[PDB]
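Structure record follows, encoded as structure tokens.
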Amino acid sequence: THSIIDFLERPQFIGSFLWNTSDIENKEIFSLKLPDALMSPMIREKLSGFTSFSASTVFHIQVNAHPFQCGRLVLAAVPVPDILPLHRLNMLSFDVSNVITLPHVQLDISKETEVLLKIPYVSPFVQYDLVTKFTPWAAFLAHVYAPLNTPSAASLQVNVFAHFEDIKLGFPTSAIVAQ
Amino acid sequence: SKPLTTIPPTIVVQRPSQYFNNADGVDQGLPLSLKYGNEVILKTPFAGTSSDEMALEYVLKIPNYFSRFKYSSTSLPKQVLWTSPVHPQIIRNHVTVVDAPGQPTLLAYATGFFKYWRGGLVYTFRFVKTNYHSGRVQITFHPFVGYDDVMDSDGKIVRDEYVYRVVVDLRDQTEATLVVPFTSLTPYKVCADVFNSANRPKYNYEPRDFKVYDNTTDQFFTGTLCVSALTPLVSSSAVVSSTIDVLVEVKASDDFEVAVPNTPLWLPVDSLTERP
Amino acid sequence: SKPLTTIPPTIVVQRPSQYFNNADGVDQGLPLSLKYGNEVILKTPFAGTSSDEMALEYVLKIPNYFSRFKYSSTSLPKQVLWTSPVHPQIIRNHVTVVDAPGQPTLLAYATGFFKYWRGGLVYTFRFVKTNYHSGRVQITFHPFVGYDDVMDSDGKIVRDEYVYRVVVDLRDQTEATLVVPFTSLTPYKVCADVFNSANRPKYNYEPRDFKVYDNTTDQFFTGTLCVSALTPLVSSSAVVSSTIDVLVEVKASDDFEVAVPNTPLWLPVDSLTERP
Amino acid sequence: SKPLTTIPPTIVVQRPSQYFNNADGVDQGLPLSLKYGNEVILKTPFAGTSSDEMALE
Amino acid sequence: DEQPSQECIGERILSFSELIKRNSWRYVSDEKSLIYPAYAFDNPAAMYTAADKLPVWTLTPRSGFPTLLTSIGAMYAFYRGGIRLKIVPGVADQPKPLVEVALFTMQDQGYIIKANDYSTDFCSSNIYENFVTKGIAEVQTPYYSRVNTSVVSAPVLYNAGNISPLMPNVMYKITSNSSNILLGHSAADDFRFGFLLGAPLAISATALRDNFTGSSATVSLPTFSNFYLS
Amino acid sequence: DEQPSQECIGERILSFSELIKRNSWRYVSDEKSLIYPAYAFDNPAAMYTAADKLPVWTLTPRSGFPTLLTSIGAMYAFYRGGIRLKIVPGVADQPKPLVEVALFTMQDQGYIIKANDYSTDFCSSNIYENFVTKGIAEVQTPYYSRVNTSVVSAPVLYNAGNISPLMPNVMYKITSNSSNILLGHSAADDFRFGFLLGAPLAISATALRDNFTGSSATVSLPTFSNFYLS
């Protein structure tokens, strides 16, 4: 039998992202906001009729390098991006070391074809306000740790897959899912 | 003998007034009665009652009549008849003068002594009618939405599909009551205050309007409670009025709580008048 | 009755503020809440974690990426590839401007709140490479010696014979970690501070340089950690880059300790900019 | 409730510095260390000796 | 669930009984020697207007401004028990730092504020507190009533004097050496209110700063700030 | 081995929780009557330069200078619990030695420093301390938050006023009779920080005495010495 949760637990393809030889230390490959990045029509449909929701969030990153390409990524998490004191948000774009301090996981394309990270719901609000849309509760970001090192210049696709877990829904309502 | 003290020194604190702001603690006052102890017994019962009359539980559960409306032959399927934002700062109009703030209800007056509130509210509708009236009405609560947004441009209710619905047959039932849950992403909402309509340093303070729920209002109220009609109030105009009054009272639920007492929102007076 | 006190006199002490500078003791403040007691429960878990996040043990063991380097076809037997003085005040360059002090690493920032430190450090090297690279590298720690003095005039390592040596085959291993002991004739070393390059009362404060270990530097760091090559990084230039990056992270060991908290070495800000 | 104190009054003595001249007693100083308690252990032996070197004997 | 109250507030409050033990300010005086009517619980009379160049609100206190105590009391019909009294000085008069509060019971005297004239009221209950050493004066007042149940803001009458049964027939005589003095009160331990009636006649407080008639906001309240700075 | 710590230091410290109960100074004011935003945890904005005849560093505080508290807090995203507050006087005003700290909650008021204007905020939590007798004013502040988890240096907004959920919707009203006053704070007993992020944006402190551009070092900090001598 099927249920709402089953859908939010469904793992979606979120994006393919370019990473090429020229990209340098701490070069941001992406910066995706929770829940925004997952808010596909599929989800929106099923979340319709509910004031809000909270969940942990699973992130699979996929990178099909071939044997002669070596390189290294970070995937890290950061909370409540929208309202973090700027200096923080900056420190991240400034220096990869201020990402390495975070909740993160490293990926070495030569060894690993993939890696995951799970992120709990963390916020002053108990759920993501689906009508006010008040502050996405976190964001994943993938800065380059050690740049893609082929002999001659080339580029690589970083795929992202993701779903929710440990889901919790708010009281139901005639209010509409924030655009 | 007169021996040297061996009593070691303790560190001390100079305060002019302790627990001044506190319900706890030991007041360090001087008493005026001859007997330092002089206290008086807690006489029971008192003022005819043994129930605690100073208990919030007691007070906020006192019914506040706060609103009425009409249901009639006119009224049409899905026609909204009545709305209210769900929050404790329910107000009335002074008789003597016509200020913007208005006269608080008991509830409002009381809650007014605190900043934070939470809990559910007991709303009660009475349909002053005879048996020869017949019609249905649905009471519906829409969390996270203001009273403009519950009805489309025609004053018809929107997306009733998606919520707690409470059908009322008037052939049978003349009265109805319900509890609205607290529903918030915050543990506590704020006791709504009047807001400045003017621009500083001009001050014209007016009661807030919860036509819409968004992050200018959202932390003063949970949402909007609405009463939509289903059938016109069909009756024999031959012998009964084809329109009736519907009275609405509110009190607090059990789970109701307030906190952060401070400067109140309301201020009491012995008389109110126009200036010459 | 109103009898004469028999309560003997105690000696007292007048202090304006006790434990002001202290984590111990009973604060003698007045509370603002109505309830003198008002405290709030230690909610667990908090911010997703039940681990203590304010523990030094927790914080200093957070990995600080602080340095990289290159290993290549160029590189030669005994050629030093990389050095660092072993101490906690590891720093970076601000992006916005180019001051001398620089942006502290987390570690540095934290340790910065104390004068004294001691303990061992966990250094971690990652060799971003493929399998088709092959080569060896020796990591070596030289206590009581600065980073100029570990290499002769040719940048070849000196007297490696005499110390802990850590060979790394790259055919096999892509990563490597180790702990450097604290090693000092003092129980505690000092958290390195910037020093005045100019002469008083001219002040140009610059980060210290631990090129050499002698009794101007000796009590800020234990010695120098060095990574010498053994073989060139032989690879098929035909299909792979003949040079690779090597990343170095550091965190504190278990035995790590700091003390004597005071005016910090580092000072935090909401933004940094050039003057018009 | 906020009851009236029944704690009787004690007589007190104002001294600026007690035991100032004394090896006895409790010094009433403020400590500078973060830890009010901060004391250090009597390390033995000390300066090569366990004999008390500060003893008149 | 009492979780929120422990996770966020750190306290949890259940009866106004708790609240009215918090001392709030009532009234100010310029009199070194003052007769105050302790168990006066009235509040000011208010005046509103919309006309240009007029102060919007205006307040005529008969016996003082709303304390928590009175503000609450307005809801109820009756009271019993005793009260506390707190006093603050304009002037810490080094050589005459003292305050007398005394029990005042003159039968004919009227139950509203008035400056001390009597020089002949020997041998009364006198408490003394030292303004210099202990910043504030703190006091407790027995119910000392002729009856077991008194009335909220009993209509005093011209020669109800000080023997009306509907209150405790007792006042404060306050003799200081600060020109200006600030009075406040909370309820005592044994105090209780009775017979809830409804909301009292009231108006927004935050609104008292209205000045949309151009004529600026005049009406102020007895707070510390307002007192200490003159 | 915990020998060294006992042989040399005499203490041994394990969590910043310990440290942030030490009171550090935050900000100074000239206002007898001030509105301070307790749970402001921002730090100054900084400016560096190398050009001749210019002060090297310069600091613009929005709500104060770095306390231990904030300095630490910078590392974390969230906080909860209450705080302490210490206050020092320029002037021990013998005849008006008092200080009021009061709980300030006006809804519309903005969550940043401003001088007291309101004369109409009766019946609030008021603590009093005597500057003459007890040199310093000492205070404790309930978390009193609308939520269980608040945010480090939440971006306040023009009319975020004093009802932002991302903080405790509470400020201090401080009414003294010292012209100049020095504020400091440590964390309360129940206070805790959350979600470590990394190092915050920071610069050497010892470096703030740089003057190699000839133009002398201007930027000073709120310490006792700097305050008491003016």
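Numbering starts fresh at 1 for the residues of each chain in the structure tokens, the chains themselves are lettered A, B, ... in the order given, and ligands are numbered from 1 as they appear.
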
Using only C-alpha atoms, select each residue of chain E with any atom at most 8 Å away from an atom of chain F, and give the selection as a ChimeraX atom specification. /E:4,7-10,22-25,67-68,89-94,132-135,205-206,208-209,219-226,228

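Residues of chain E assigned to alpha helix (DSSP H) by DSSP on this structure's backbone: residues 3, 4, 16, 17, 18, 19, 68, 69, 70, 71, 72, 73, 224, 225, 226, 227 and 228 of chain E.
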
Output file for the residues above (N, CA, C and O atoms, as a CSV table (one decimal), in the first residue's frame):
```
chain,number,residue,atom,x,y,z
E,3,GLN,N,6.1,21.1,28.4
E,3,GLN,CA,7.5,21.1,27.8
E,3,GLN,C,7.8,22.5,27.3
E,3,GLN,O,8.9,23.0,27.7
E,4,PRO,N,7.0,23.1,26.5
E,4,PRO,CA,7.3,24.4,26.0
E,4,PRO,C,7.8,25.4,27.1
E,4,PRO,O,8.9,25.9,27.0
E,16,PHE,N,-3.0,35.0,38.8
E,16,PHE,CA,-2.6,36.4,39.0
E,16,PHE,C,-2.1,36.7,40.4
E,16,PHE,O,-1.3,37.6,40.7
E,17,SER,N,-2.6,35.8,41.4
E,17,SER,CA,-2.0,35.8,42.7
E,17,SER,C,-0.5,35.9,42.7
E,17,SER,O,0.1,36.6,43.5
E,18,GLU,N,0.1,35.1,41.7
E,18,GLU,CA,1.5,35.1,41.5
E,18,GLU,C,2.0,36.5,41.1
E,18,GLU,O,2.8,37.1,41.7
E,19,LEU,N,1.3,37.0,40.1
E,19,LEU,CA,1.7,38.3,39.5
E,19,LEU,C,1.6,39.5,40.4
E,19,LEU,O,2.6,40.3,40.5
E,68,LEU,N,0.0,46.9,38.8
E,68,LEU,CA,-0.4,45.5,38.5
E,68,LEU,C,-1.6,45.3,39.4
E,68,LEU,O,-2.7,44.9,39.0
E,69,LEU,N,-1.3,45.5,40.7
E,69,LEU,CA,-2.3,45.3,41.7
E,69,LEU,C,-3.7,45.8,41.3
E,69,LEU,O,-4.6,45.0,41.1
E,70,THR,N,-3.8,47.1,41.1
E,70,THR,CA,-5.1,47.7,40.8
E,70,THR,C,-5.7,47.2,39.4
E,70,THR,O,-6.8,46.8,39.3
E,71,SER,N,-4.8,47.3,38.4
E,71,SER,CA,-5.1,46.8,37.1
E,71,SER,C,-5.8,45.5,37.2
E,71,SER,O,-6.9,45.3,36.6
E,72,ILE,N,-5.2,44.5,37.9
E,72,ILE,CA,-5.9,43.2,38.1
E,72,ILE,C,-7.2,43.4,38.9
E,72,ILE,O,-8.3,43.0,38.5
E,73,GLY,N,-7.1,44.1,40.0
E,73,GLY,CA,-8.2,44.3,41.0
E,73,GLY,C,-9.5,44.7,40.3
E,73,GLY,O,-10.6,44.3,40.7
E,224,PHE,N,10.3,54.7,36.8
E,224,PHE,CA,11.5,55.1,37.4
E,224,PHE,C,12.1,56.2,36.5
E,224,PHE,O,12.4,57.3,37.0
E,225,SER,N,12.4,55.9,35.3
E,225,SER,CA,13.0,56.8,34.3
E,225,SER,C,12.3,58.2,34.4
E,225,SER,O,13.0,59.2,34.6
E,226,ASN,N,11.0,58.3,34.4
E,226,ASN,CA,10.3,59.5,34.4
E,226,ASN,C,10.5,60.3,35.7
E,226,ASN,O,10.6,61.5,35.7
E,227,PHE,N,10.6,59.5,36.8
E,227,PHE,CA,10.9,60.1,38.1
E,227,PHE,C,12.3,60.6,38.2
E,227,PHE,O,12.5,61.8,38.4
E,228,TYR,N,13.3,59.7,38.1
E,228,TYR,CA,14.7,60.0,38.5
E,228,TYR,C,15.2,61.2,37.7
E,228,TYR,O,16.2,61.8,38.1
```

Do a neighbour search on region 43-47 of chain B at 9 Å with only C-alpha atoms, toss out local chain neighbours closer than 5 positions, and write the hits as a VMD selection string. chain E and resid 77 to 78 148 to 149 193 to 195

With a cut-off of 12 Å and counting only C-alpha atoms, select all residues of chain D in contact with chain C and give the selection as an mmCIF file with N, CA and C atoms, in the first residue's frame.
```cif
data_model
loop_
_atom_site.group_PDB
_atom_site.id
_atom_site.type_symbol
_atom_site.label_atom_id
_atom_site.label_comp_id
_atom_site.auth_asym_id
_atom_site.auth_seq_id
_atom_site.Cartn_x
_atom_site.Cartn_y
_atom_site.Cartn_z
ATOM 1 N N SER D 1 4.835 31.646 47.445
ATOM 2 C CA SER D 1 4.497 33.031 47.867
ATOM 3 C C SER D 1 5.752 33.836 48.218
ATOM 4 N N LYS D 2 5.525 35.057 48.690
ATOM 5 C CA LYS D 2 6.574 36.028 48.952
ATOM 6 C C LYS D 2 6.445 36.421 50.435
ATOM 7 N N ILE D 7 13.904 35.700 59.391
ATOM 8 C CA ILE D 7 15.315 35.537 59.647
ATOM 9 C C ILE D 7 15.747 36.694 60.519
ATOM 10 N N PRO D 8 16.152 36.401 61.757
ATOM 11 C CA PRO D 8 16.502 37.476 62.651
ATOM 12 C C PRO D 8 17.808 38.139 62.249
ATOM 13 N N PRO D 9 18.002 39.358 62.733
ATOM 14 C CA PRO D 9 19.135 40.143 62.333
ATOM 15 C C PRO D 9 20.351 39.760 63.137
ATOM 16 N N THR D 10 21.482 39.684 62.461
ATOM 17 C CA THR D 10 22.730 39.415 63.132
ATOM 18 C C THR D 10 23.554 40.688 63.128
ATOM 19 N N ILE D 11 24.372 40.848 64.155
ATOM 20 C CA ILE D 11 25.300 41.958 64.201
ATOM 21 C C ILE D 11 26.497 41.635 63.318
ATOM 22 N N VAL D 12 27.006 42.658 62.635
ATOM 23 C CA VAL D 12 28.080 42.496 61.652
ATOM 24 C C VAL D 12 29.263 43.411 61.943
ATOM 25 N N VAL D 13 30.415 43.081 61.372
ATOM 26 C CA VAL D 13 31.617 43.878 61.563
ATOM 27 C C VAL D 13 32.222 44.249 60.225
ATOM 28 N N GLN D 14 32.491 45.539 60.057
ATOM 29 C CA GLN D 14 33.105 46.048 58.844
ATOM 30 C C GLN D 14 34.622 46.120 58.999
ATOM 31 N N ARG D 15 35.314 45.220 58.310
ATOM 32 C CA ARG D 15 36.762 45.249 58.249
ATOM 33 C C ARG D 15 37.157 45.409 56.800
ATOM 34 N N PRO D 16 38.228 46.157 56.556
ATOM 35 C CA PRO D 16 38.720 46.305 55.203
ATOM 36 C C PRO D 16 39.593 45.124 54.803
ATOM 37 N N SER D 17 40.308 44.542 55.763
ATOM 38 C CA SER D 17 41.195 43.426 55.484
ATOM 39 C C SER D 17 41.475 42.634 56.746
ATOM 40 N N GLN D 18 41.039 41.377 56.710
ATOM 41 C CA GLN D 18 41.146 40.467 57.834
ATOM 42 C C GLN D 18 42.338 39.552 57.643
ATOM 43 N N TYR D 19 42.955 39.171 58.760
ATOM 44 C CA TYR D 19 44.096 38.259 58.753
ATOM 45 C C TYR D 19 45.270 38.794 57.930
ATOM 46 N N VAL D 26 41.172 32.626 56.995
ATOM 47 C CA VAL D 26 40.763 32.510 55.608
ATOM 48 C C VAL D 26 40.971 33.848 54.925
ATOM 49 N N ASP D 27 41.877 33.898 53.950
ATOM 50 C CA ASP D 27 42.031 35.104 53.143
ATOM 51 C C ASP D 27 40.761 35.278 52.347
ATOM 52 N N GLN D 28 40.294 36.514 52.254
ATOM 53 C CA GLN D 28 39.054 36.792 51.567
ATOM 54 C C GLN D 28 39.302 37.456 50.207
ATOM 55 N N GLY D 29 40.401 37.094 49.542
ATOM 56 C CA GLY D 29 40.755 37.687 48.249
ATOM 57 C C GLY D 29 39.850 37.251 47.105
ATOM 58 N N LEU D 30 39.858 38.023 46.023
ATOM 59 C CA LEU D 30 39.278 37.553 44.774
ATOM 60 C C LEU D 30 40.379 36.847 44.023
ATOM 61 N N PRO D 31 40.049 35.725 43.393
ATOM 62 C CA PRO D 31 41.029 34.998 42.619
ATOM 63 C C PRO D 31 41.006 35.486 41.188
ATOM 64 N N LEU D 32 42.118 35.327 40.487
ATOM 65 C CA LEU D 32 42.206 35.794 39.111
ATOM 66 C C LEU D 32 41.956 34.678 38.114
ATOM 67 N N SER D 33 42.372 33.467 38.467
ATOM 68 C CA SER D 33 42.115 32.302 37.637
ATOM 69 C C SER D 33 40.635 32.194 37.347
ATOM 70 N N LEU D 34 40.299 31.544 36.242
ATOM 71 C CA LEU D 34 38.903 31.297 35.920
ATOM 72 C C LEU D 34 38.237 30.498 37.033
ATOM 73 N N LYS D 35 38.926 29.455 37.482
ATOM 74 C CA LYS D 35 38.434 28.612 38.565
ATOM 75 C C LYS D 35 38.705 29.247 39.924
ATOM 76 N N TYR D 36 37.641 29.647 40.624
ATOM 77 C CA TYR D 36 37.752 30.208 41.979
ATOM 78 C C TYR D 36 38.651 29.334 42.849
ATOM 79 N N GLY D 37 38.500 28.022 42.708
ATOM 80 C CA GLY D 37 39.272 27.083 43.501
ATOM 81 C C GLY D 37 40.751 27.069 43.192
ATOM 82 N N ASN D 38 41.118 27.467 41.979
ATOM 83 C CA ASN D 38 42.453 27.185 41.479
ATOM 84 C C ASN D 38 43.525 27.219 42.549
#
```

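Across the model, the gap from CA of residue 76 (chain F) to CA of residue 206 (chain C) is 28.4 Å.
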
Select, as number ranges by chain, those residues of chain F with any atom no more than 10 Å from chain A (distances computed using only C-alpha atoms). F: 42, 45, 74-79, 146-156, 165-167, 195-202

For the residues in the current selection, export C-alpha atoms as a PDB file, in the first residue's frame.
```
ATOM      1  CA  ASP F  42      26.937  40.874  16.547  1.00  0.00           C
ATOM      2  CA  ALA F  45      32.707  45.694  11.101  1.00  0.00           C
ATOM      3  CA  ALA F  74      30.620  33.437  16.357  1.00  0.00           C
ATOM      4  CA  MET F  75      31.723  29.792  15.948  1.00  0.00           C
ATOM      5  CA  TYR F  76      28.191  28.468  16.378  1.00  0.00           C
ATOM      6  CA  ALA F  77      24.926  28.977  14.536  1.00  0.00           C
ATOM      7  CA  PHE F  78      22.415  28.725  17.375  1.00  0.00           C
ATOM      8  CA  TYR F  79      21.984  29.554  21.025  1.00  0.00           C
ATOM      9  CA  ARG F 146       9.150  32.326  21.678  1.00  0.00           C
ATOM     10  CA  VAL F 147      11.150  29.299  20.448  1.00  0.00           C
ATOM     11  CA  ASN F 148      13.442  26.638  21.835  1.00  0.00           C
ATOM     12  CA  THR F 149      16.349  27.532  19.559  1.00  0.00           C
ATOM     13  CA  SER F 150      17.567  31.028  18.727  1.00  0.00           C
ATOM     14  CA  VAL F 151      20.131  32.276  16.162  1.00  0.00           C
ATOM     15  CA  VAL F 152      23.577  33.819  16.577  1.00  0.00           C
ATOM     16  CA  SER F 153      23.465  37.494  15.482  1.00  0.00           C
ATOM     17  CA  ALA F 154      20.169  37.196  13.653  1.00  0.00           C
ATOM     18  CA  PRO F 155      19.902  39.811  10.907  1.00  0.00           C
ATOM     19  CA  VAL F 156      17.513  42.345  12.519  1.00  0.00           C
ATOM     20  CA  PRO F 165      11.043  34.848  16.534  1.00  0.00           C
ATOM     21  CA  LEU F 166      14.777  34.279  15.924  1.00  0.00           C
ATOM     22  CA  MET F 167      15.608  35.832  19.275  1.00  0.00           C
ATOM     23  CA  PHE F 195      25.988  23.715  15.566  1.00  0.00           C
ATOM     24  CA  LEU F 196      29.671  24.470  15.218  1.00  0.00           C
ATOM     25  CA  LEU F 197      30.508  26.035  11.848  1.00  0.00           C
ATOM     26  CA  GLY F 198      34.209  26.881  11.829  1.00  0.00           C
ATOM     27  CA  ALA F 199      36.362  29.894  12.591  1.00  0.00           C
ATOM     28  CA  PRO F 200      34.571  33.239  12.393  1.00  0.00           C
ATOM     29  CA  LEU F 201      35.833  36.230  10.432  1.00  0.00           C
ATOM     30  CA  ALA F 202      38.579  37.593  12.635  1.00  0.00           C
TER      31      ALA F 202
END
```

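With distances restricted to only C-alpha atoms, A:48 is the closest residue to chain B from A:106, A:48, A:67, A:31.
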
Quick one: contact table of chain A to chain B, 6 Å max, nearest atom pair and distance in Å to one decimal per residue, counting only C-alpha atoms, chain and number order, as CSV?
```
residue,atom,partner,partner_atom,distance
A:49,CA,B:162,CA,5.8
A:125,CA,B:185,CA,5.0
A:126,CA,B:185,CA,5.1
A:127,CA,B:185,CA,5.9
A:132,CA,B:214,CA,5.8
A:173,CA,B:142,CA,5.5
A:174,CA,B:159,CA,5.3
A:175,CA,B:145,CA,5.8
```

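Going from CA of residue 104 (chain C) over to CA of residue 202 (chain C), you cover 24.2 Å.
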
Residues within 10 Å of residue 74 (chain C), only C-alpha atoms, excluding chain neighbours under 3 positions, as a ChimeraX atom specification: /C:71,79,231-234,242-243

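The smallest atom-to-atom distance between chain E and any of C:29, C:37, C:112, C:3, using only C-alpha atoms, is found for C:37.
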
Exercise: region 115-122 of chain C partners within 7 Å, only C-alpha atoms, chain neighbours under 3 positions left out, as a ChimeraX atom specification: /C:178-182,188-191,250-253,255-261

Next, dump the selected residues to file, keeping only N, CA, C and O atoms, as a CSV table (one decimal), in the first residue's frame.
```csv
chain,number,residue,atom,x,y,z
C,178,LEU,N,49.0,10.9,10.9
C,178,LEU,CA,49.8,10.6,12.1
C,178,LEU,C,49.6,11.7,13.2
C,178,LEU,O,49.1,12.8,13.0
C,179,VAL,N,50.1,11.3,14.4
C,179,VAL,CA,50.1,12.1,15.5
C,179,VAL,C,51.5,12.5,15.8
C,179,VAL,O,52.4,11.7,15.9
C,180,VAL,N,51.7,13.8,16.0
C,180,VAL,CA,53.0,14.3,16.5
C,180,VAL,C,52.8,14.5,18.0
C,180,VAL,O,51.9,15.3,18.4
C,181,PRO,N,53.7,13.9,18.8
C,181,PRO,CA,53.8,14.2,20.2
C,181,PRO,C,54.1,15.6,20.5
C,181,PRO,O,54.8,16.3,19.7
C,182,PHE,N,53.6,16.1,21.7
C,182,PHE,CA,54.2,17.2,22.3
C,182,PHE,C,55.6,16.8,22.7
C,182,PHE,O,55.8,15.6,23.1
C,188,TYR,N,54.4,23.4,29.4
C,188,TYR,CA,53.5,24.1,28.5
C,188,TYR,C,54.2,25.0,27.6
C,188,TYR,O,55.2,25.7,28.0
C,189,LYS,N,53.8,25.1,26.3
C,189,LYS,CA,54.3,26.0,25.4
C,189,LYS,C,53.3,27.2,25.3
C,189,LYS,O,52.2,27.1,25.8
C,190,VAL,N,53.7,28.2,24.6
C,190,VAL,CA,52.8,29.4,24.5
C,190,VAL,C,52.2,29.5,23.1
C,190,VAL,O,52.9,29.3,22.1
C,191,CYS,N,50.9,29.8,23.0
C,191,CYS,CA,50.2,30.0,21.8
C,191,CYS,C,50.9,31.2,21.1
C,191,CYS,O,50.8,32.3,21.5
C,250,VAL,N,44.8,19.3,9.9
C,250,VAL,CA,45.3,19.1,11.3
C,250,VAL,C,44.1,19.1,12.2
C,250,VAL,O,43.2,19.9,12.0
C,251,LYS,N,44.2,18.3,13.3
C,251,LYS,CA,43.3,18.5,14.4
C,251,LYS,C,44.1,18.1,15.7
C,251,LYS,O,45.2,17.7,15.6
C,252,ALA,N,43.5,18.3,16.8
C,252,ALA,CA,44.2,18.1,18.1
C,252,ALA,C,44.2,16.6,18.5
C,252,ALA,O,43.3,15.9,18.1
C,253,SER,N,45.2,16.1,19.2
C,253,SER,CA,45.1,14.8,19.7
C,253,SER,C,44.3,14.7,21.0
C,253,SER,O,43.7,15.7,21.4
C,255,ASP,N,45.4,13.9,24.1
C,255,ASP,CA,46.2,14.4,25.2
C,255,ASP,C,46.3,16.0,25.1
C,255,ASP,O,47.0,16.5,26.0
C,256,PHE,N,45.6,16.6,24.2
C,256,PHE,CA,45.7,18.0,24.0
C,256,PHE,C,45.1,18.8,25.1
C,256,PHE,O,43.9,18.6,25.5
C,257,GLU,N,45.8,19.9,25.5
C,257,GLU,CA,45.3,20.7,26.6
C,257,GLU,C,45.8,22.2,26.4
C,257,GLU,O,46.8,22.4,25.8
C,258,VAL,N,44.9,23.1,26.9
C,258,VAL,CA,45.3,24.5,26.9
C,258,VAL,C,44.9,25.1,28.3
C,258,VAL,O,44.1,24.5,29.0
C,259,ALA,N,45.5,26.2,28.6
C,259,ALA,CA,45.1,26.9,29.8
C,259,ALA,C,45.6,28.3,29.9
C,259,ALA,O,46.4,28.8,29.1
C,260,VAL,N,45.2,29.0,31.0
C,260,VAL,CA,45.4,30.4,31.2
C,260,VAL,C,44.7,31.2,30.1
C,260,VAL,O,45.2,31.6,29.1
C,261,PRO,N,43.3,31.3,30.3
C,261,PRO,CA,42.5,32.0,29.5
C,261,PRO,C,42.6,33.5,29.8
C,261,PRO,O,42.6,33.8,31.0
```

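Of the listed residues A:134, A:68, A:59, A:145, the one whose atoms come nearest to residue 37 (chain A) is A:59, with distances taken using only C-alpha atoms.
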
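With only C-alpha atoms as the atoms that count, the residue of C:42, C:151, C:4, C:108 with the shortest distance to chain E is C:42.
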